[PDB]
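Peer 1: File name start.pdb; file contents PDB, C-alpha atoms; full text below.
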MODEL        1
ATOM      1  CA  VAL A 135     107.943 126.391 118.880  1.00  0.00           C
ATOM      2  CA  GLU A 136     105.280 124.710 116.759  1.00  0.00           C
ATOM      3  CA  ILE A 137     101.784 123.394 117.428  1.00  0.00           C
ATOM      4  CA  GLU A 138     101.478 119.954 115.863  1.00  0.00           C
ATOM      5  CA  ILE A 139      97.981 118.581 115.278  1.00  0.00           C
ATOM      6  CA  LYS A 140      97.172 114.882 114.897  1.00  0.00           C
ATOM      7  CA  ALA A 141      93.861 113.072 114.530  1.00  0.00           C
ATOM      8  CA  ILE A 142      93.797 109.944 116.695  1.00  0.00           C
ATOM      9  CA  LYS A 143      92.230 106.671 115.573  1.00  0.00           C
ATOM     10  CA  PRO A 144      89.186 106.402 117.873  1.00  0.00           C
ATOM     11  CA  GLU A 145      89.325 102.634 118.360  1.00  0.00           C
ATOM     12  CA  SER A 146      92.725 103.032 120.060  1.00  0.00           C
ATOM     13  CA  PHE A 147      91.340 105.628 122.474  1.00  0.00           C
ATOM     14  CA  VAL A 148      89.519 104.953 125.747  1.00  0.00           C
ATOM     15  CA  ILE A 149      87.506 107.659 127.495  1.00  0.00           C
ATOM     16  CA  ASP A 150      86.496 107.676 131.163  1.00  0.00           C
ATOM     17  CA  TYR A 151      83.235 105.766 131.573  1.00  0.00           C
ATOM     18  CA  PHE A 152      81.862 108.338 134.030  1.00  0.00           C
ATOM     19  CA  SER A 153      81.622 111.088 131.389  1.00  0.00           C
ATOM     20  CA  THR A 154      78.121 111.094 129.917  1.00  0.00           C
ATOM     21  CA  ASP A 155      77.967 114.215 127.743  1.00  0.00           C
ATOM     22  CA  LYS A 156      79.270 114.973 124.294  1.00  0.00           C
ATOM     23  CA  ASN A 157      82.692 116.697 123.983  1.00  0.00           C
ATOM     24  CA  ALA A 158      83.868 114.639 127.048  1.00  0.00           C
ATOM     25  CA  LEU A 159      84.428 117.701 129.218  1.00  0.00           C
ATOM     26  CA  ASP A 160      83.721 116.051 132.591  1.00  0.00           C
ATOM     27  CA  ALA A 161      86.247 113.277 131.954  1.00  0.00           C
ATOM     28  CA  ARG A 162      88.947 112.437 134.476  1.00  0.00           C
ATOM     29  CA  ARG A 163      91.174 110.234 132.305  1.00  0.00           C
ATOM     30  CA  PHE A 164      91.941 109.486 128.666  1.00  0.00           C
ATOM     31  CA  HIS A 165      93.788 106.336 127.615  1.00  0.00           C
ATOM     32  CA  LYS A 166      95.396 105.650 124.250  1.00  0.00           C
ATOM     33  CA  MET A 167      96.853 102.237 123.409  1.00  0.00           C
ATOM     34  CA  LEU A 168      99.845 102.744 121.117  1.00  0.00           C
ATOM     35  CA  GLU A 169     102.148 100.540 119.126  1.00  0.00           C
ATOM     36  CA  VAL A 170     105.719 101.813 119.574  1.00  0.00           C
ATOM     37  CA  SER A 171     108.804 100.640 117.700  1.00  0.00           C
ATOM     38  CA  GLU A 172     112.051  99.857 119.512  1.00  0.00           C
ATOM     39  CA  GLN A 173     114.148 102.914 118.651  1.00  0.00           C
ATOM     40  CA  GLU A 174     111.140 105.199 119.135  1.00  0.00           C
ATOM     41  CA  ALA A 175     110.820 103.672 122.605  1.00  0.00           C
ATOM     42  CA  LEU A 176     114.520 104.383 123.172  1.00  0.00           C
ATOM     43  CA  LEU A 177     113.993 108.002 122.117  1.00  0.00           C
ATOM     44  CA  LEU A 178     110.801 108.263 124.179  1.00  0.00           C
ATOM     45  CA  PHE A 179     112.581 107.262 127.395  1.00  0.00           C
ATOM     46  CA  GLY A 180     116.113 106.138 128.141  1.00  0.00           C
ATOM     47  CA  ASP A 181     117.469 102.639 128.661  1.00  0.00           C
ATOM     48  CA  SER A 182     117.555 102.956 132.469  1.00  0.00           C
ATOM     49  CA  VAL A 183     113.981 101.645 132.777  1.00  0.00           C
ATOM     50  CA  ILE A 184     112.973  98.170 131.621  1.00  0.00           C
ATOM     51  CA  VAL A 185     110.785  97.825 128.519  1.00  0.00           C
ATOM     52  CA  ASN A 186     108.517  94.824 127.896  1.00  0.00           C
ATOM     53  CA  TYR A 187     108.927  94.327 124.159  1.00  0.00           C
ATOM     54  CA  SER A 188     107.127  91.930 121.848  1.00  0.00           C
ATOM     55  CA  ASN A 189     108.553  89.500 119.291  1.00  0.00           C
ATOM     56  CA  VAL A 190     105.887  89.754 116.603  1.00  0.00           C
ATOM     57  CA  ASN A 191     108.166  89.026 113.646  1.00  0.00           C
ATOM     58  CA  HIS A 192     111.732  90.257 114.280  1.00  0.00           C
ATOM     59  CA  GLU A 193     111.598  93.892 115.368  1.00  0.00           C
ATOM     60  CA  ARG A 194     110.691  94.046 119.115  1.00  0.00           C
ATOM     61  CA  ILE A 195     107.707  96.385 119.083  1.00  0.00           C
ATOM     62  CA  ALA A 196     106.004  97.370 122.348  1.00  0.00           C
ATOM     63  CA  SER A 197     102.409  98.083 123.370  1.00  0.00           C
ATOM     64  CA  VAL A 198     102.366 101.220 125.537  1.00  0.00           C
ATOM     65  CA  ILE A 199      99.266 102.752 127.120  1.00  0.00           C
ATOM     66  CA  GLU A 200      99.490 106.523 127.510  1.00  0.00           C
ATOM     67  CA  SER A 201      97.071 107.790 130.151  1.00  0.00           C
TER      68      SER A 201
ATOM     69  CA  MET B   1     123.275  98.233 107.926  1.00  0.00           C
ATOM     70  CA  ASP B   2     124.486  94.788 106.882  1.00  0.00           C
ATOM     71  CA  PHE B   3     122.878  92.102 104.741  1.00  0.00           C
ATOM     72  CA  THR B   4     121.139  90.203 107.561  1.00  0.00           C
ATOM     73  CA  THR B   5     118.725  92.836 108.858  1.00  0.00           C
ATOM     74  CA  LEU B   6     118.251  94.200 105.331  1.00  0.00           C
ATOM     75  CA  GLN B   7     117.094  90.776 104.125  1.00  0.00           C
ATOM     76  CA  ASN B   8     114.961  90.147 107.223  1.00  0.00           C
ATOM     77  CA  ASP B   9     113.240  93.542 107.144  1.00  0.00           C
ATOM     78  CA  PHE B  10     112.717  93.264 103.382  1.00  0.00           C
ATOM     79  CA  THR B  11     111.074  89.868 103.944  1.00  0.00           C
ATOM     80  CA  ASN B  12     108.877  91.264 106.734  1.00  0.00           C
ATOM     81  CA  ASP B  13     107.881  94.248 104.599  1.00  0.00           C
ATOM     82  CA  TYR B  14     107.272  92.233 101.423  1.00  0.00           C
ATOM     83  CA  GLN B  15     105.182  89.496 103.032  1.00  0.00           C
ATOM     84  CA  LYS B  16     102.950  92.010 104.832  1.00  0.00           C
ATOM     85  CA  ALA B  17     102.414  93.997 101.606  1.00  0.00           C
ATOM     86  CA  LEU B  18     101.709  91.078  99.265  1.00  0.00           C
ATOM     87  CA  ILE B  19      97.932  91.028  99.780  1.00  0.00           C
ATOM     88  CA  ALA B  20      97.719  94.650  98.602  1.00  0.00           C
ATOM     89  CA  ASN B  21     100.179  94.326  95.712  1.00  0.00           C
ATOM     90  CA  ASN B  22      98.175  91.335  94.458  1.00  0.00           C
ATOM     91  CA  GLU B  23      95.041  93.491  94.462  1.00  0.00           C
ATOM     92  CA  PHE B  24      96.988  96.261  92.707  1.00  0.00           C
ATOM     93  CA  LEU B  25      98.035  93.851  89.952  1.00  0.00           C
ATOM     94  CA  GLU B  26      94.451  92.554  89.752  1.00  0.00           C
ATOM     95  CA  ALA B  27      93.230  96.141  89.351  1.00  0.00           C
ATOM     96  CA  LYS B  28      95.789  96.870  86.630  1.00  0.00           C
ATOM     97  CA  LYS B  29      94.771  93.662  84.844  1.00  0.00           C
ATOM     98  CA  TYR B  30      91.084  94.598  85.063  1.00  0.00           C
ATOM     99  CA  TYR B  31      91.907  98.059  83.706  1.00  0.00           C
ATOM    100  CA  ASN B  32      93.677  96.546  80.678  1.00  0.00           C
ATOM    101  CA  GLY B  33      90.867  94.260  79.495  1.00  0.00           C
ATOM    102  CA  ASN B  34      91.810  91.132  81.458  1.00  0.00           C
ATOM    103  CA  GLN B  35      88.526  90.887  83.363  1.00  0.00           C
ATOM    104  CA  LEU B  36      87.428  87.288  83.047  1.00  0.00           C
ATOM    105  CA  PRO B  37      88.824  84.438  85.170  1.00  0.00           C
ATOM    106  CA  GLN B  38      90.400  81.333  83.664  1.00  0.00           C
ATOM    107  CA  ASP B  39      87.549  78.948  84.488  1.00  0.00           C
ATOM    108  CA  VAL B  40      84.916  81.369  83.156  1.00  0.00           C
ATOM    109  CA  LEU B  41      86.956  81.732  79.952  1.00  0.00           C
ATOM    110  CA  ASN B  42      87.143  77.939  79.665  1.00  0.00           C
ATOM    111  CA  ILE B  43      83.383  77.572  80.268  1.00  0.00           C
ATOM    112  CA  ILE B  44      82.691  80.178  77.576  1.00  0.00           C
ATOM    113  CA  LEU B  45      85.142  78.664  75.072  1.00  0.00           C
ATOM    114  CA  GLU B  46      83.869  75.104  75.563  1.00  0.00           C
ATOM    115  CA  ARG B  47      80.445  76.165  74.249  1.00  0.00           C
ATOM    116  CA  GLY B  48      81.990  77.716  71.134  1.00  0.00           C
ATOM    117  CA  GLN B  49      81.075  81.191  72.379  1.00  0.00           C
ATOM    118  CA  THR B  50      83.194  84.297  71.918  1.00  0.00           C
ATOM    119  CA  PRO B  51      83.830  85.922  75.334  1.00  0.00           C
ATOM    120  CA  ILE B  52      82.721  89.555  75.241  1.00  0.00           C
ATOM    121  CA  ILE B  53      84.295  91.814  77.868  1.00  0.00           C
ATOM    122  CA  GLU B  54      82.565  95.128  78.548  1.00  0.00           C
ATOM    123  CA  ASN B  55      85.303  97.354  79.996  1.00  0.00           C
ATOM    124  CA  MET B  56      82.763  99.693  81.534  1.00  0.00           C
ATOM    125  CA  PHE B  57      85.036 101.068  84.269  1.00  0.00           C
ATOM    126  CA  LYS B  58      87.964 101.939  81.992  1.00  0.00           C
ATOM    127  CA  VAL B  59      85.889 104.813  80.612  1.00  0.00           C
ATOM    128  CA  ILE B  60      85.078 105.892  84.194  1.00  0.00           C
ATOM    129  CA  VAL B  61      88.770 106.070  85.120  1.00  0.00           C
ATOM    130  CA  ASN B  62      89.433 107.758  81.772  1.00  0.00           C
ATOM    131  CA  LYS B  63      86.782 110.388  82.566  1.00  0.00           C
ATOM    132  CA  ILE B  64      88.221 111.141  86.018  1.00  0.00           C
ATOM    133  CA  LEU B  65      91.770 111.233  84.644  1.00  0.00           C
ATOM    134  CA  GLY B  66      90.560 113.446  81.805  1.00  0.00           C
ATOM    135  CA  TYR B  67      89.293 115.849  84.425  1.00  0.00           C
TER     136      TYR B  67
ENDMDL
END
I need this file expressed as structure tokens, please.
Peer 2:
Amino acid sequence: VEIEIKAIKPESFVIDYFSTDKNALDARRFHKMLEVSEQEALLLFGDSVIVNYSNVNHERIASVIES
Amino acid sequence: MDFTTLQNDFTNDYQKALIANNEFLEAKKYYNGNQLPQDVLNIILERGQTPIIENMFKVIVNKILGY
């Protein structure tokens, strides 16, 4: 068991608008808008559910919001 | 795994990294004395003037690399 740590790019991160204070402690939801490649989306969840991919050049990336 | 996706992904990776490799080659040219553009060199040489290039940032990079 390991504790990974990752700094998130703050422009791809949406905080609840109702939280007024610093440190965002009274926040009810956090959204992050991620780019996900195709095989990482296959590893993230199986092929039983339908994925809305893109066609940006040739690779079928997907824009996934994690809330 | 075959030639088709290797060529397509190499094209997608090379075209999206050309604007930074061009700046890398510009930086390596500026480090090695080639600091004046072609039209500025022509404007200088049409007046019979010798173009003097002060490579003032080569000694800066040399100082940091000497550290």
Peer 1: I'd like the neighbourhood of residue 193 of chain A as a PyMOL selection string, where a residue qualifies if any of its atoms comes within 9 Å (using all atoms listed in the file), though same-chain residues fewer than 5 positions away should be ignored.
Peer 2: (chain A and resi 171-172+188) or (chain B and resi 9)
Peer 1: List, as a VMD selection string, every residue that the ChimeraX specification (/B :<12) & /A selects in the file provided.
Peer 2: chain A and resid 190 to 193
Peer 1: Could you tell me how far atom CA of residue 198 of chain A sits from atom CA of residue 156 of chain A, in Å to one decimal place?
Peer 2: 26.9 Å
Peer 1: Would you mind telling me which residue in A:184, A:177, A:159, A:164 lies nearest to residue 144 of chain A when using only C-alpha atoms?
Peer 2: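 For residue 144 of chain A, the nearest of the given residues is A:164.
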Peer 1: I need the residue set behind the PyMOL selection byres ((chain A and resi 170) around 8) for this file; please write it as a VMD selection string.
Peer 2: chain A and resid 168 to 169 171 to 172 174 to 175 195 to 198
Peer 1: Work out how far apart atom CA of residue 141 of chain A and atom CA of residue 19 of chain B are and give it in Å to one decimal.
Peer 2: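 That distance, rounded to one decimal, is 26.8 Å.
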Peer 1: Taking 3 positions as the minimum chain separation for residues in the same chain, which residues sit within 12 Å of residue 52 of chain B when counting all atoms listed in the file? Answer as a list in words.
Peer 2: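 So the residues in contact are residues 33, 34, 35, 36, 40, 41, 44, 45, 49, 55 and 56 of chain B.
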Peer 1: If you measure from atom CA of residue 25 of chain B to atom CA of residue 63 of chain B, what distance in Å do you get, rounded to one decimal?
Peer 2: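 Value for the atom CA of residue 25 of chain B-atom CA of residue 63 of chain B distance: 21.3 Å.
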